[PDB]
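Read off the chains here:
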Amino acid sequence: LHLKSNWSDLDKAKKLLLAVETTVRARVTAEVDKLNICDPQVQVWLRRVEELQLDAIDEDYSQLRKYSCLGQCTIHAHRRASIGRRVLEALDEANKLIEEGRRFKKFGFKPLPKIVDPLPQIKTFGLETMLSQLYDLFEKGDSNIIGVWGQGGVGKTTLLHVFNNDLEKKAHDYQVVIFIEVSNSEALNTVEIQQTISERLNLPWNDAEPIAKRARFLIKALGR
Amino acid sequence: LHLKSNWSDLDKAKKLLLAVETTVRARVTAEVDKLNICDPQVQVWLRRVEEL
Amino acid sequence: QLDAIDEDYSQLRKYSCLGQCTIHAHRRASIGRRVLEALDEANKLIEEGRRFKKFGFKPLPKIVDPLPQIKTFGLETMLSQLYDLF
Amino acid sequence: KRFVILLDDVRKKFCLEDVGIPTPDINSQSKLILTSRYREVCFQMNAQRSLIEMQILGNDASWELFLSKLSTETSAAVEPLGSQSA
Ligand SMILES: Nc1ncnc2c1ncn2[C@@H]1O[C@H](COP(=O)(O)OP(=O)(O)OP(=O)(O)O)[C@@H](O)[C@H]1O
């Protein structure tokens, strides 16, 4: 007769499992706040805790308590046989989940950069006819370098913002869409452009690397 | 037979293996982004996961 | 609640003058197993609380944290206008 | 996140995206409330269609605000009602 003690130990395990799960979820939420994604191994552990449903056996044991008045006879011993093995079936899983979630050390991983990240989406008027012209070359134009020119304030930059944001709506074969502001100076502030490209290519920023060496590196990186 | 319990643990292992494989592939993709090549021992491990 | 068994053991002390009597063996049998039932739990609690290394976690920021709540007069009408837009 | 940013006492037009704040749009539930002394600044920050004017306090509420600012003995000179005093 071990059920009377094992079920008591299950209650300790259940209340401890809710404490470990609370620590993990709070730890994971601190990772999603940094725009990271919950670690796949933690996500599997969390999904097993959710699916456990320890309240199911609790109700089943609660009915056996009402049958426990004369459970010695074979009429009520039928329920006691299942519970005596069902508690151990959920106790080991609960204890295994205790020592797994208590052993986590990293809870999130930084996702790969998006194909195209959204840019400021202001309300635009009458830009459909020009955006159609720009797409007609980008989809079909023979030359791979496309130039757009116009007087100041006509809408060149806003065209890029609506063009870049439009790419994430359609389907395209391209892998990275980089928006670079060369307007910063006429002196070509090279370091900040390479920062934008490297950050957009999921590359580490080796600060002390010379500009000429990085330029050779980015040519190989962007060529892939 | 003992099959009823073993197959249940296989489902746990399969869903955990897909999680470990996802972590490795994401870790490898962060290496190919630096123009590195996937490590030969990892490539063997990945190829065994696919073939499973 | 370790004081519960202490009182239960305290009554057996008064019966301890003839503890070998089969009538008082009913109480002595329970105490001899109830002490072990609470001793292992007490010792397990020792090695758990002696092993903790972190004791608190920083809670997530509140949805809205209170700002200086001074006494305000006649601000109900304007605050109603602001909510009617919000 | 569905944020609400209360932008207090802006004195010049500034770009939200350069400070990190995304400008809320119709597709998003987020709001952004800014206060300023100048209607020109609120127009420059694209708040023209939701402008609220913070008017001065009413005649009655301006008095009981003044009453709460006086000391206990001083207030007792101007508090009394029914009778009228200079
Ligand atoms: N179709 C449009 N509808 C509404 N506003 C527009 C439209 N096109 C441009 N604008 C406005 O034009 C303003 C001027 O900035 P914009 O990005 O258009 O400049 P630009 O054409 O790149 O010129 P430059 O870089 O030489 O100053 C922006 O604040 C933007 O709101």
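Looking at the entry header, you'll see cryo-EM listed as the method and 3.6 Å as the resolution.

Draft legend 1. Layout of the overall build of chain A. Regarding its fold elements, chain A presents eight helices and two strands. Secondary structure of chain A in N-to-C order comes out as α-β-α-α-α-β-α-α-α-α. For 224 residues, the compact-globule formula gives about 17 Å, and the C-alpha radius of gyration of chain A, at 31 Å, lies well above that figure. Counting all 224 residues of chain A, 28% fall into the buried class.

Draft legend 2. A look at the overall build of chain B. Along the backbone of chain B there are two helices and zero strands. For 52 residues, the compact-globule estimate of 2.2 N^0.38 gives 10 Å, and the C-alpha radius of gyration of chain B, at 15 Å, exceeds that figure by more than 25%. Considered along the principal axes of its C-alpha atoms, chain B spans approximately 50 × 15 × 10 Å. Out of the 52 residues in chain B, the part that is buried amounts to 12%. Summed over its atoms, the accessible surface of chain B is roughly 4,300 Å², and 60% of this surface lies on carbon and sulfur atoms. On chain B, the mean spot of the 9 positive side-chain charges and the mean spot of the 8 negative ones are 6 Å from each other.

Draft legend 3. The arrangement of the packing of aromatic side chains in detail. The tally for this structure, following the rule as stated, stands at 10 aromatic pairs over all chains. Between A:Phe138 and A:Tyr174 the ring centres are 5.0 Å apart and the planes differ by 40°, which places this aromatic pair in the tilted class. With A:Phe138 in helix α5 (residues 128-140) and A:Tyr174 in the loop between α6 (156-167) and α7 (190-200), this pair connects stretches of sequence that are 36 residues apart. Classification of A:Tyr174 by relative accessible area gives partly exposed; the value is 43%. Arranged with centres 6.2 Å apart and planes meeting at 65°, the rings of C:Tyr83 and C:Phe86 form a pair that is edge-to-face. Looking at C:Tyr83, the relative accessible area reads 60%, which means it is exposed.

Draft legend 4. Spotlight on a nonpolar patch on the surface. There is a patch of nonpolar side chains on the surface, built from C:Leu79, C:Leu82, C:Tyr83, C:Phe86, D:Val4 and D:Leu6 and spanning about 600 Å² of accessible area. Listing elements by their share of the nonpolar patch, those giving two or more residues are α3 (76-85) of chain C together with β1 (4-7) of chain D. In terms of residues, the nonpolar patch owes the most to one element, α3(C), which gives three residues. Looking at the element boundaries, C:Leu82 is found in helix α3.

Draft legend 5. Here's a closer look at the site of the ligand. All names here are of chain A. Around the ligand, the neighbouring residues are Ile-122, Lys-123, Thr-124, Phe-125, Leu-127, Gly-152, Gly-153, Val-154, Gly-155, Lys-156, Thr-157 and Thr-158. One of the backbone N or O atoms of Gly-153 is found 2.9 Å from an oxygen atom in the ligand. Here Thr-157 contributes a side-chain N or O atom positioned 2.8 Å from an oxygen atom of the ligand. With the chains in place, 57% of the 630 Å² that the ligand exposes on its own is no longer accessible.

Draft legend 6. Structural detail: the packing of helix α1 (residues 3-32) of chain B against helix α2 (residues 40-51) of chain B. Residues and elements named next belong to chain B. Where α1 contacts α2, the axes come no closer than 11 Å and their chain directions differ by 140°. Overall, the two elements α1 and α2 adopt an arrangement that is oblique. Remark: the crossing between α1 and α2 carries left-handed chirality. Residues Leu-17, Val-20, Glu-21, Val-24, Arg-25 and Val-28 of α1 lie in contact with α2, whose contacting residues are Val-42, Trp-45, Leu-46, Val-49 and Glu-50. When its residues are assigned to classes, the contact of α1 with α2 shows eight nonpolar, no polar and three charged.

Draft legend 7. Structural context of helix α4 (residues 74-101) of chain A. Taking 1.5 Å of rise per residue, the 28 residues of α4(A) would be expected to cover 40 Å, and the 41 Å separating its terminal C-alpha atoms lies within 8% of that figure. Residues of α4(A) that are buried include every one of A:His76, A:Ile83, A:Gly84, A:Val87, A:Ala90, A:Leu91, A:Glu93, A:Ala94, A:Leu97, A:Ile98 and A:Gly101, and no others. Lining the buried residues of α4(A) we find α1 (3-32), α2 (40-52) and α3 (55-67) of chain A together with α1 of chain B.

Draft legend 8. Geometry of the environment of A:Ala13. Residues and elements named next belong to chain A. Tracing the backbone through its elements, the reader meets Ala-13 in helix α1. The exposure class of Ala-13 is buried, given its relative accessible area of 8%. Along the backbone, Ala-13 and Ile-37 are 24 residues apart, and their C-alpha atoms lie at a distance of 29 Å. Ignoring sequence-local partners within four residues, the contact set of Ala-13 consists of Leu-91, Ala-94, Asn-95 and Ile-98.

Draft legend 9. How the structure looks around the interface of chain B and chain A. Across the boundary between the two partners, chain B contributes 12 residues, which contact 15 residues of chain A. Area buried by chain B at its contact with chain A is led by B:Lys12, B:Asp33 and B:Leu35, which between them contribute 41% of it. Counting across the interface, chain B meets chain A through one salt bridge. In this structure, A:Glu93 and B:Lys12 form a salt bridge, with 3.0 Å as the shortest nitrogen-oxygen distance. The tally of links from chain B across to chain A stands at two residue pairs in polar contact. Class assignment of the residues belonging to the side of chain B that touches chain A gives a composition of five nonpolar, three polar and four charged.

Draft legend 10. Region of the structure containing the side chain of A:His161. Residues and elements named next belong to chain A. Examined against the element boundaries, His-161 turns out to sit in helix α6. Residue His-161 is classed as buried on the basis of its relative accessible area, which comes to 16%. When near neighbours in sequence (up to four residues on either side) are disregarded, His-161 contacts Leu-119, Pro-120 and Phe-179.

Draft legend 11. Geometry of the packing of α1(A) against α4(A). All names here are of chain A. It is at 9 Å that the axes of α1 and α4 come closest, and there the two elements cross at 30°. The orientation of α1 relative to α4 falls into the category roughly parallel. Crossing of α1 against α4: the hand is left-handed. Contact with α1, carried on its side by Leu-3, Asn-6, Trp-7, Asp-9, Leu-10, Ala-13, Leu-16, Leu-17, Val-20 and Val-24, involves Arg-80, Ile-83, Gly-84, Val-87, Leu-88, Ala-90, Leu-91, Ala-94, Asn-95, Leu-97, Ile-98 and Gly-101 of α4 and no other residues of that element. Residue classes in the contact of α1 with α4 are distributed as 16 nonpolar, four polar and two charged.

Conventions we followed
- Residues numbered from 1 in each chain as written, not as in the entry; some residues may be left out.
- Chains lettered and ligands numbered in written order.
- Part of a larger assembly, values for the part shown.
- Heavy atoms only, no water.
- Helix = DSSP H or I, 4+ residues; strand = E, 2+ residues; numbered from the N terminus.
- Rg over C-alpha atoms; globule rule 2.2 N^0.38 Å.
- Buried < 20%, exposed > 50% of the residue type's maximum accessible area, 1.4 Å probe, protein only.
- Areas by Shrake-Rupley, 256 points an atom, 1.4 Å probe, with all protein chains shown as cover.
- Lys, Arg positive; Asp, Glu negative; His and termini not counted.
- Charge placed at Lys NZ, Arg CZ, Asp CG, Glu CD.
- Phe/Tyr/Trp six-rings, centres within 6.5 Å; stacked < 30°, edge-to-face > 60°.
- Patch = residues over 30% accessible without salt bridge, like charges linked within 9 Å, V, L, I, M, F, W, Y side chains within 5 Å.
- Salt bridge = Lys/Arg side-chain N within 4 Å of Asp/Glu carboxyl O.
- Near = heavy atom within 4 Å.
- Polar contact = N/O pair within 3.5 Å; in protein donor to acceptor, adjacent residues only side chain to side chain.
- Axes fitted to C-alpha atoms, helices over the stretch in contact; angles between N-to-C directions.
- Parallel < 35°, antiparallel > 145°, perpendicular 65-115°, else oblique.
- Left-handed = near helix turned anticlockwise from the far one by under 90°.
- Contact = heavy atoms within 4.5 Å.
- Nonpolar A, V, L, I, M, F, W, Y, C, P; charged D, E, K, R; others polar.
- Expected span 1.5 Å × (residues − 1).
- Buried area = accessible area lost by both parts, 1.4 Å probe.

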